[PDB]
Amino acid sequence: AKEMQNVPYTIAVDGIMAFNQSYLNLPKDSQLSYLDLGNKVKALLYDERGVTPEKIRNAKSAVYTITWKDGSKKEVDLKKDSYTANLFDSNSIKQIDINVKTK
């Protein structure tokens with residue numbers, strides 16, 4: 001449950017991307033909540049890019065794409081924040097690409 005793992009992520013706002021690359025920590029061998037993950041994503045956006053919930057609302061599109069270890073992908077729309085009970089497998093996570101287009 002406890003040992004952490006580095007999950008790389010990228011942030012692109014209107015095409016602008018971070019200088020190299022940073023990581024995010026997630027407990028291995030765990031069933032995490034998409035709500036919590038979505039929260040981390042929003043945290044990074046505000047923290048690193050000063051992106052507010054209000055920017056995200058008016059955004060052309062706000063989303064973060066999950067790449068599982070098998071290479072497949074899942075796109076999560078942040079403009080549709082809304083409660084969910086779905087959990088995902090921590091060991092299945094490969095990368096997180098956050099992409100926001102203001103327009």
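In this chain, residues are counted from 1 in sequence order.
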Nearest 0.5 Å please: distance from the CG atom of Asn91 over to the CD atom of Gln5. 8.0 Å
When rounded to the nearest 0.5 angstrom, what distance separates NZ in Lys73 from NZ in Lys94? 7.5 Å
Clusters formed by hydrophobic residues whose side-chain heavy atoms approach within less than 4.5 Å: which one holds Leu35, and what are its other members? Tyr83
A cation-pi test, strictly: NZ or CZ of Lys74 under 6.0 Å from the centre of the six-membered ring of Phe88 and no more than 45 degrees from its axis. Yes or no? no
Spell out, as yes or no, whether a donor-acceptor pair under 3.5 Å connects the side chain of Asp77 to the backbone of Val63. no
Between atom CG of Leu87 and atom OG of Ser30, what is the distance when rounded to the nearest 0.5 Å? 11.0 Å
I'd like to know if the side chain of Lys79 reaches the main chain of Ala59, judged simply by a donor and an acceptor atom lying under 3.5 Å from each other, with no hydrogens or angles considered. yes
Where the side chain of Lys28 meets the backbone of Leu26, is there a donor-acceptor pair that is under 3.5 Å apart? no
Atom pair CD1 (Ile96) and NZ (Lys40), whose distance is rounded to the nearest 0.5 Å: 9.0 Å
Closest heavy-atom contact between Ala1 and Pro27? O-CB, 3.2 Å
Work out which heavy atom in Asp89 is nearest to a heavy atom in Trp68; give both atom names and the distance. O-CZ3, 4.4 Å
Less than 4.5 Å apart, any side-chain heavy atom of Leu37 and any of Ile66? yes
Which value, rounded to the nearest 0.5 Å, describes the distance between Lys103 atom NZ and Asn58 atom CG? 14.5 Å
Where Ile56 and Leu78 come nearest, the two heavy atoms and their spacing: CG2-O, 3.8 Å
Name all residues meeting the side chain to side chain contact (heavy atoms under 4.5 Å, CB included) criterion together with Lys2; count only those two or more places apart in sequence or in a different chain, and write none if there are none. none
Interatomic distance, CG@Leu32 vs CG@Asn86, rounded to 0.5 Å, equals 13.0 Å
Determine yes or no for a side-chain-to-main-chain donor-acceptor pair under 3.5 angstrom, with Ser72 supplying the side chain and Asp70 the backbone. no
N/O donor to acceptor pairs below 3.5 angstrom from side-chain atoms of residues 6-13, sequence neighbours left out:
residue, atom, partner, partner atom, Å
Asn6, OD1, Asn25, ND2, 2.9
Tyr9, OH, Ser22, OG, 3.0
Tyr9, OH, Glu48, OE2, 2.5
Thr10, OG1, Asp97, OD1, 2.7

Stepwise, does the side chain to side chain contact (heavy atoms under 4.5 Å, CB included) test hold for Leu45 with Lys55? CA-CA 10 Å; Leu45 280 171; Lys55 184 74 176 170; over 6 Å; no
